[PDB]
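*Asks:* Once you've seen the sequence and the experimental structure below, I've got questions.
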Amino acid sequence: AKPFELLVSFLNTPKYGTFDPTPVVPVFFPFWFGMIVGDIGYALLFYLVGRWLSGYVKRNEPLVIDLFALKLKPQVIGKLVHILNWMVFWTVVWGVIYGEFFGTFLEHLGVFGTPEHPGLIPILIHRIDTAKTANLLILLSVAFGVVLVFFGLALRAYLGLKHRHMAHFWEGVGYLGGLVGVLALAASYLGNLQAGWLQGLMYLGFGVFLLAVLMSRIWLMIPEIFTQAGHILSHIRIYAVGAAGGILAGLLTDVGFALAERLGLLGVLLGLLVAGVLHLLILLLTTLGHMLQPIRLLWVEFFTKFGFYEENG
Amino acid sequence: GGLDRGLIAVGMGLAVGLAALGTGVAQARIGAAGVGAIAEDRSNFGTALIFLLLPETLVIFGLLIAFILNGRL
Amino acid sequence: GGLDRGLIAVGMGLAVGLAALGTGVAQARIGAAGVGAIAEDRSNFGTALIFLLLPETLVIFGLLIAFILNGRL
Amino acid sequence: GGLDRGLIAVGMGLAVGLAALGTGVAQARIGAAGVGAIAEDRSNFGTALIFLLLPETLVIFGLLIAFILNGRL
Amino acid sequence: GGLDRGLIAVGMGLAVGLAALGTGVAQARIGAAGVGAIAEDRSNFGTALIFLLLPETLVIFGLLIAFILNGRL
Amino acid sequence: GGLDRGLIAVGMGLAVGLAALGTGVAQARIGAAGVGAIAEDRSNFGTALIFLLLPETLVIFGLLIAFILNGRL
Amino acid sequence: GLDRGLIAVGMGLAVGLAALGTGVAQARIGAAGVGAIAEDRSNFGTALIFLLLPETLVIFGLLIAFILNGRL
Amino acid sequence: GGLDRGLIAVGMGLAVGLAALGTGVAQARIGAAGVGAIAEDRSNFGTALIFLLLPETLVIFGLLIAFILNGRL
Amino acid sequence: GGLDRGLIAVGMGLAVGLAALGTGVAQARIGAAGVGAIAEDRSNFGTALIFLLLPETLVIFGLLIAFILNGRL
Amino acid sequence: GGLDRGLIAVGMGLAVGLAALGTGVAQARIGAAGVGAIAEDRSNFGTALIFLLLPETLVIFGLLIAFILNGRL
Amino acid sequence: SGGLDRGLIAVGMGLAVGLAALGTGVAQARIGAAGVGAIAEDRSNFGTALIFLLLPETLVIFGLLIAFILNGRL
Amino acid sequence: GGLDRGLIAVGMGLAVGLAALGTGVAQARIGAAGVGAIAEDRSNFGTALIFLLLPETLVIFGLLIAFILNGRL
Amino acid sequence: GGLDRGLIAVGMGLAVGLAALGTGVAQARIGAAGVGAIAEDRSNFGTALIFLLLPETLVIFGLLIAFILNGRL
């Protein structure tokens, strides 16, 4: 649990007497990356890269990046090797439930079982069944964000109470009332209505919002409630990025299998060569493409909902 | 067999594309200015950065309209 | 025929989209000017940010008229 | 339901959207120059307020047109 | 009535919106120059407002075009 | 019969709107430069007015074209 | 007679696009001309000529409009 | 199929209009260059004139091809 | 029938293309600024890479709605 | 029938139109630069001539395309 | 599944890939211009310029893969 | 069905025209820079000719597309 | 064949034209800078040539997509 605080350390310290925000991101960030990737083959070559990095570690002498002039971390390099271990087993398990990696190997024979294609292991999720299941998966993605938003508001209320800073606590209470009201109302109106049950709780949430606002009468931040709605809605990208990556990998394996079939008896060699070359280059691009999104999300939403950009310790 | 579904698709496509165009137009200038400000200061960091995050609500609006018109289906 | 509501839907989508992009083309220039002025200033940023958040009511108008024209259904 | 109603909705939406675009393209330049002035003077702030508020009648004019078209609907 | 009412609706809508954007870019350049002058002179307000109000007559042109055609329907 | 009057009217609308666009585009730059000149001069208002009164003949052409079109209607 | 509406919209965008072309032309040349005016009262008449010059474009557009009107 | 002549006309009209726009921007820039040259010299006026009378061959192409396609009718 | 699916395809294609365009122009401006800053510094490069690789939310939402439309089969 | 040649005429007109537009786009900048050089120089006139006369390729190609499509007509 | 649907999805392909290519060119214009302006006197930092200019091509590959999969629907 | 032939004519025309516009907008800045450089140098004209002649491949691609579509025709 | 072939043709033309024009504007800016640099330098020609070579991959994509969308015969 310890090493991730070094990653946190790249930004400023917080004011003393406040909450220590480190331990959440050890369990959350590799979770998010695993949700993204599912590319266990990249994890394999990545593990080889980690073997090379540990080769430097026993070669304790710190390298300098030629292009970027950056002296190595080696202690912090080992901290990396640990967090790389965390993200790699997360990658492994999410790719396991996404059992096709490199793409969908079951073209020529039953590598995996599907309701359509017979195979060895009946797999759970494909990229074709997501014609139906994407809605449910996106709902899960939304719930994922609302969980961390609730954690952030709870912590902010707790610190507002501890500091005897009751104004911010009251503003948080208003945030809760408005959030639950608009969330439940949108869920009812967009989805199934069922007005006989939930209309009262929507009205109560709105009443809580307005009561907190009126006790906090002084020209407050209804636009910031709108922005925090933007914040909770912003985390949807987690599904889309991984879906695009899986679609691309499936396209690459379709290309490889078609080259294996339509190009005669000798098409397998060239198909696998081209597929490997394209796969490695697209991964070279998309790994650095994908890596920074969840840390960006954690940064902006968590530390804006939390709010710490004051006095910098 | 109604033909309105493709109309729904093209309408939401226009909405989201126009929203993306406008927000990117914002992001270009404000990001360049933020690069200048942080490169000279580094203490205007978050203050410049939040301005980059401002126009995303314009995106999520048209996303919401697209979603409700999809849910009409 | 039922093909009517798809056309009104594309009208809503296009309208709100270009309202958003006009918002963005305003916001880019005014935000760049404001953030430069505050990088000089560091104090006038409250008036700067209210200037930024000022004109956005146009997309609110577009979405509300889209709302009522949808509720015509 | 009628085919023409989709047309009038489309026309209303595009009208108000292009009006919004004109409003934004005005607001960009005028707000940039105005805030450039106010950042150092801060005393002509009311004059800048009048300058920014003046061109806004176009969109409310357009939505009045949209309202009377809904009345004809 | 028929669809031709929808067609005249879209026609007046595009006319008035396109005139609106032209007036918008006009007011953009005019307001920029006007605030640049008025920050110092504070007396050319009359000619500045006259220059600003000039293209709004051109907007009124599209107003009367829409008026006569909706009288025709 | 039918199916034509709306077409001629949307033709009138697009013609007059495009004329409006061109006139406003001209008026923007020429008026902004004229404002700068007259602010620096305060005496050359007549020639500034002369330069501002140039473009509107295009809109005049468009509106008279619309007039002859709806006369042939 | 749908052809009447078709040719109407055709001449409409033709003359309108002509208006845009002359609009941008006059925008640039007049923007330069007014700055010239402050001392170029000697060259004032020439500035009038250069401003007036691009009108042949929109009169071509008007010619197209008239010949379409004659055809209909 | 008498509807042929309508799209014939719209095609030739948009052709000549777009050629006209190309010449419009061409003469805009070259006229700016010419008056900038005039600002320091008297004799270069005829040279600048022939430069700015260069690009009209494309619109004469457009109108002649429009005439000869009309001759098919 | 089935032409609705083609309408799906054109709507999603235009949506993702517009998002691509807006992201591309934003990247153009931010990349120019960042590469200038790095060419001066070479020590501030990571932040510039961040600013470059911020705005892809637009295109990923475009692909999101695109594959939603595809799965609407 | 006539629809066939109507479509091909539409294609001819649009193609030659934006070929002309591209020529105007190129010619504006190259002519401005050449005039700016030759105003002070008045010696490289033949080089100015060739640099201005170079880009006729796209319009001559479009003219040949129009001719071959009319031969198909 | 239809007659005209193949060409309809084809013009969809064209829209997507062409707009993506245009956006990529828009990015590449400014970034390459600035990079070559620097490397004119630098002659050493071509690497950072090239790693800048390569990364917009993701915007290309999104459009081309979308066109490819909708064509693979066939 | 010759309307298919009209369609392919439209496609060929739009392809070649858009390629023409692209090579023209290239040639604008390329020729401007080249003529400035050769006014400075007077001897480096061969490289300038090469750099101006390079973008021909686009209109080449358009014309070969047109040729092969006629061959299918 | 059929009308679907013409739709194929217009889609292919749209794609290749957009790709050509994007490459054109990219080459415009980068080649202006490169022409200047090689005008003073004469030695870094490899960088300029490879920089002009790199955007052509987009119209190569256009080549391949046009070929495969022609392969339906």
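*Replies:* In hand now; what should we look at? Numbers count the residues shown, from 1 in each chain, chains lettered A, B, ... in the order given.

*Asks:* Please count neighbours and contacts with C-alpha atoms only from this point.
*Replies:* Fine.

*Asks:* Look at residue 56 and say how many residues are nearby.
*Replies:* Defaulting to chain A. 17 (other CA atoms under 10 Å in any protein chain shown).

*Asks:* sorry, should have said chain B
*Replies:* What residue B:56 shows, counting by other CA under 10 Å, is a neighbour count of 22.

*Asks:* And the helices in the stretch 151-300 of chain A, which stretches?
*Replies:* Here the stretch 151-300 of chain A has its helices, by DSSP state H, counting those that start in this stretch, at A:166-190, A:195-215, A:222-234, A:237-262, A:267-297.

*Asks:* buried ones in the helix or strand hosting residue B:27?
*Replies:* If you go by DSSP states H and E, residue B:27 is part of helix B:4-40. Within helix B:4-40, the residues scored as buried using 16 or more other CA atoms under 10 Å in any protein chain shown are B:4-39.

*Asks:* Quick check: the residue of the stretch 151-300 of chain A found nearest chain F vs chain J, distance?
*Replies:* Closest approach between the stretch 151-300 of chain A and chain F, counting by CA to the nearest CA: residue A:223, at 34.5 Å. Residue A:223 is 45 Å from chain J, where distance means CA to the nearest CA, to the nearest Å.

*Asks:* can you tell me which residues contact the one residue in chain B that gets nearest to chain E?
*Replies:* Nearest residue of chain B to chain E: residue B:22, at 15.8 Å (CA to the nearest CA). Going by CA atoms under 8 Å, 6 or more residues apart in numbering or on different chains, residue B:22 touches C:18, C:20, C:21, C:22, C:23, C:24, C:25, I:22.

*Asks:* Could you measure from the residue in chain A that chain M sits nearest to over to residue A:245?
*Replies:* Relative to chain M, the nearest point of chain A is residue A:255 (14.5 Å; CA to the nearest CA). Separation of residue A:255 from residue A:245 (CA to CA, to the nearest Å): 15 Å.

*Asks:* Show me which of these two is the more surrounded one.
*Replies:* Using other CA under 10 Å as the criterion, residue A:255 and residue A:245 rank with residue A:245 on top: 22 against 16.

*Asks:* My guess is the more buried one contacts residue A:37. True?
*Replies:* Yes. In terms of CA atoms under 8 Å, residue A:245 counts as a neighbour of residue A:37; the distance is 7.4 Å.

*Asks:* The residue of the stretch 1-150 of chain A at minimum distance from chain C: helix or strand, and which one exactly?
*Replies:* Nearest to chain C, among the residues of the stretch 1-150 of chain A, is residue A:12, at 20.0 Å (CA to the nearest CA). Using DSSP H and E, residue A:12 maps to neither a helix nor a strand.

*Asks:* ok, now which ones touch it?
*Replies:* Going by CA under 8 Å, 6+ apart, residue A:12 touches A:312, A:313.

*Asks:* which phi and psi does it have?
*Replies:* phi -70, psi 160 (degrees, to the nearest 10).

*Asks:* Check residue A:117 too.
*Replies:* The phi/psi pair for residue A:117 (degrees, to the nearest 10) is phi -100, psi 130.

*Asks:* number of nearby residues for the closest residue to it other than its chain neighbours?
*Replies:* In space, and not counting its chain neighbours, residue A:117 is closest to residue A:110: 6.9 Å by CA to CA, 6 or more residues apart in numbering or on different chains. By other CA under 10 Å, 15 other residues sit near residue A:110.

*Asks:* Can you report how many residues neighbour the nearest residue to residue A:107 once chain neighbours are set aside?
*Replies:* Of all residues not flanking residue A:107 in the chain, residue A:257 sits nearest, at 6.9 Å (CA to CA, 6+ apart). Residue A:257 has 21 neighbours, counted by other CA under 10 Å.

*Asks:* For residue K:69, see how far away residue A:257 is.
*Replies:* 15 Å.

*Asks:* And residue A:57, by the same measure?
*Replies:* 44 Å.

*Asks:* Equivalent analysis for residue A:175, please.
*Replies:* Applying CA to CA, the value for residue A:175 to residue K:69 is 44 Å.

*Asks:* now swap in residue A:121 and tell me
*Replies:* Distance from residue A:121 to residue K:69, counting by CA to CA: 26 Å.

*Asks:* And for residue B:60?
*Replies:* The value you get for residue B:60 to residue K:69, if CA to CA is used, is 27 Å.

*Asks:* Check residue A:245 too.
*Replies:* Per CA to CA, residue A:245 is found 13 Å from residue K:69.

*Asks:* With residue A:86 instead?
*Replies:* Applying CA to CA to residue A:86 and residue K:69 gives a distance of 34 Å.

*Asks:* do the same with residue A:241
*Replies:* For residue A:241, the distance to residue K:69 (CA to CA) stands at 17 Å.

*Asks:* Residue numbers of chain B in contact with chain A?
*Replies:* B:56, B:57, B:60, B:68, B:71 (CA under 8 Å from any CA of the partner chain).

*Asks:* again, only this time at 6 Å
*Replies:* Chain B has residues residue B:57 near chain A, with proximity defined as CA under 6 Å from any CA of the partner chain.

*Asks:* Spatially central residue in chain B, please.
*Replies:* The geometric centre of chain B, computed from its C-alpha atoms, lies nearest to residue B:59 (CA atoms, centre = their mean), at 3.3 Å.

*Asks:* For it, I want the exact helix or strand it lies within.
*Replies:* helix B:56-72.

*Asks:* list the buried ones in that helix?
*Replies:* B:56, B:57, B:58, B:59, B:60, B:61, B:62, B:63, B:65, B:66, B:69, B:70.

*Asks:* which residues are in contact with it?
*Replies:* With contact meaning CA atoms under 6 Å, 6 or more residues apart in numbering or on different chains, helix B:56-72 is reached by A:230, B:12, B:16, B:19.

*Asks:* And these, which two are furthest apart?
*Replies:* A:230 and B:12 (19.4 Å; CA to CA).

*Asks:* quick check: angle from the helix holding residue B:59 to helix A:222-234?
*Replies:* When axes from the mean of the first three to the mean of the last three CA atoms, to 10 degrees is applied, the directions of helix B:56-72 and helix A:222-234 differ by 60 degrees.

*Asks:* could you give the angle of helix B:56-72 to helix B:4-40?
*Replies:* Using the same axes, to 10 degrees: helix B:56-72 against helix B:4-40 is 170 degrees.

*Asks:* No further queries at this time; thank you.
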